[PDB]
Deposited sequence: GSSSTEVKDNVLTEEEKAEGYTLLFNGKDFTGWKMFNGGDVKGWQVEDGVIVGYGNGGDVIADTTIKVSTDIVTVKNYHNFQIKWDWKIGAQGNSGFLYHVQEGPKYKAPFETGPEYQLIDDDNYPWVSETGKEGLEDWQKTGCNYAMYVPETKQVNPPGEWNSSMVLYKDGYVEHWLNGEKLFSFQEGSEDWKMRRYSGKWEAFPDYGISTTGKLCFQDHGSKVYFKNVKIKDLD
């Protein structure tokens, strides 16, 4: 059942973005073949040397995408921080995919060790799972705790974006909109002038904390 298209998914035009067995279709951000992640038991596992050099361990698609609809299943560890990013650009100008590609946050909402300015522990709600990081936050959502599987989906079609989680539409927005522009250009991206620099780019899974697990990664390449 895992990593297999249903007849209805094939009918809708989904194909496997992860084949269940290896990293065919994937590469390291700013790198070559995938390392520091493994396929184990039909699951992509991210682990997050006579060497001290530290480079991005995030994985990106080889293929560039414009419009798409992607579904995936995911599991994090306690205190995990991962994410799905889209329209990511690579190059020596960048150290990380978040500098260019918008992020669907995958994080330990309740127990990620973030201590605020004032000495208050805990992520703010706009930094939690299913948010379009530093742009949009759901009013309500349902997330299974760390160690349990979750299902997510992102649709992008000519700037129209939807975030879904565990069967529910969290929100949608339009990149063209006045509201989007306000959030983009007066929110938190001063240091990242290339954030959303392009509506075409790579798709990406990140690991910045603990182990993370992905499977059932199915994609509709849209017109």
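- Query: So which bits of the deposited sequence did not make it into the model?
  - Reply: Since the structure holds only modelled residues, the stretches it omits are 1-7, 56-61.
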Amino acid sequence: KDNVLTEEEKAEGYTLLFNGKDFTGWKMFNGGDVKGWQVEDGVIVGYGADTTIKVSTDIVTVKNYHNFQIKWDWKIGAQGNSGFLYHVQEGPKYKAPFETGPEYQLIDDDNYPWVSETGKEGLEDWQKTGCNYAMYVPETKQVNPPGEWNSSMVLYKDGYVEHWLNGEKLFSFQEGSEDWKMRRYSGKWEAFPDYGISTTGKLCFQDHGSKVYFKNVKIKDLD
From here on, numbers count along this sequence of modelled residues.
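- Item | Comparing 66-74 with 26-34, the one whose average Cα B-factor in the PDB entry is higher | Between 26-34 and 66-74, it is 26-34.
- Item | Per the entry, higher mean C-alpha B factor between 189-197 and 157-165 | Stretch with the higher mean C-alpha B-factor: 189-197.
- Checking the entry, which one of 90, 103, 109, 117 has the top C-alpha B factor? Each of 90, 103, 109, 117 was compared by C-alpha B-factor; the highest is 117.
- Relative C-alpha B-factor of residue 41, binned into the chain's lowest, middle or highest third: Within its chain, residue 41 is a highest-third residue by C-alpha B-factor, going by the deposited values.
- Place residue 147 in the lowest, middle or highest third of its chain's C-alpha B-factors, as listed in the PDB entry. Answer is middle: the recorded C-alpha B-factor places it there.
- Item | Chain third (lowest, middle, highest) by recorded CA B-factor, residue given as residue 52 | Highest third, going by the recorded CA B-factors of the chain.
- Cα B factor band for residue 113 (lowest, middle or highest third within the chain): Ranked within chain, residue 113 CA B lands in the highest tercile.
- Task: State the tercile, meaning the lowest, middle or highest third, of residue 6 with respect to the CA B-factors recorded for its chain.
- Result: Top third by C-alpha B-factor.
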